[PDB]
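Here's a solo chain for you in structure tokens, the form deposited in one PDB entry.
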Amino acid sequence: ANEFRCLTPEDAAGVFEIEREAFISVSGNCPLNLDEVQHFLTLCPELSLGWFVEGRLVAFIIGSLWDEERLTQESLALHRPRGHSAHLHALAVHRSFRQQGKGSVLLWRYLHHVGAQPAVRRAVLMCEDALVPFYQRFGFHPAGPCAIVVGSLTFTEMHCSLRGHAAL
């Protein structure tokens, strides 16, 4: 099979009860799902999207809504219901399906999925300088400052308008 649907607490639980799965095309910044994201599948499963092959979860993205122009340390673990931005918290490519383009395919679909919601006017995320060029492939642009620090690392804040005048 091959399905793309939102995640459930069950799914999350299924991910935690096994070994370990890859981060999006980056070493060092290995996958951190350590509950900082699990609660999102309770507060807002609509902002998650998993890729299932014959039922098996091969990749997923977990997000939440942000209601401010810029990201803050607290935003990274918050969900503001009446918010207009899809804050990406984790992009994972499971069972090592690395280098198969699955990360981009999922992301392309995720932005389209969340962009379909009338209130979600844009996607927002934090990322290591190394991954900046990557996120730019999907419409993201470096917003600027945003002094968020996961660990000790200084991340670049990325924004992606989901609303655009289609002409070509």
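Counting begins at 1, following the sequence as shown. In this text, the rigid core denotes the largest set of C-alpha atoms whose superposition between the two forms falls within 1.5 Å.
The following text describes the form deposited with a small molecule bound, which does not appear among the structures shown.
Chemist: Which one, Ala119, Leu43, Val53, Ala130, lies within 4.5 Å of the small molecule in the deposited bound form by heavy atoms?
Modeler: Contact check passes for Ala130.
Chemist: Can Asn33 be called a contact residue for the small molecule in the deposited bound form at 4.5 Å between heavy atoms?
Modeler: Judged by the heavy-atom cut-off of 4.5 Å, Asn33 is well away from the small molecule in the deposited bound form.
Chemist: Indicate whether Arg80 is a 4.5 Å heavy atom neighbour of the small molecule in the deposited bound form.
Modeler: Because no heavy atom of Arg80 falls inside 4.5 Å of the small molecule in the deposited bound form, the answer is no.
Chemist: Please run the contact check for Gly103 against the small molecule in the deposited bound form: heavy atoms, 4.5 angstroms, yes or no?
Modeler: Contact check for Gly103: yes, within 4.5 Å of the small molecule in the deposited bound form.
Chemist: Find out whether any non-hydrogen atom of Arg137 is located within 4.5 angstroms of the small molecule in the deposited bound form, and reply yes or no.
Modeler: Residue-level check for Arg137: yes, a contact with the small molecule.
Chemist: Check for me: heavy atom within 4.5 Å of the small molecule in the deposited bound form, for each of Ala22, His89 and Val150, yes or no.
Modeler: Yes, the whole trio is in contact, each within 4.5 Å by some heavy atom.
Chemist: Is it true that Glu17 shifts between this form and the one not shown by 2 Å or more at the Cα, once the core is aligned?
Modeler: Comparing the forms between this form and the one not shown, which are aligned on their rigid core, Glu17 does shift its C-alpha by 2 Å or more.
Chemist: Align both forms on the core first, then report whether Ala116 has a C-alpha shift of 2 Å or more between this form and the one not shown.
Modeler: Superposed on the core, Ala116 moves its C-alpha less than 2 Å between this form and the one not shown.
Chemist: After superposing the rigid core, is the C-alpha displacement of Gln38 2 Å or more between this form and the one not shown?
Modeler: Yes; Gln38 is a residue whose C-alpha shifts (by 2 Å or more) between this form and the one not shown when the cores are overlaid.
Chemist: Given a CA distance change of at least 3 Å, are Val37 and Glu10 closer or farther in the deposited bound form?
Modeler: Closer together, which means the C-alphas of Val37 and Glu10 are at least 3 Å nearer in the deposited bound form.
Chemist: So the Cα-Cα distance between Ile24 and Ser85 shifts by 3 Å or more in the deposited bound form; is it shorter or longer than what we see here?
Modeler: So the answer is farther.
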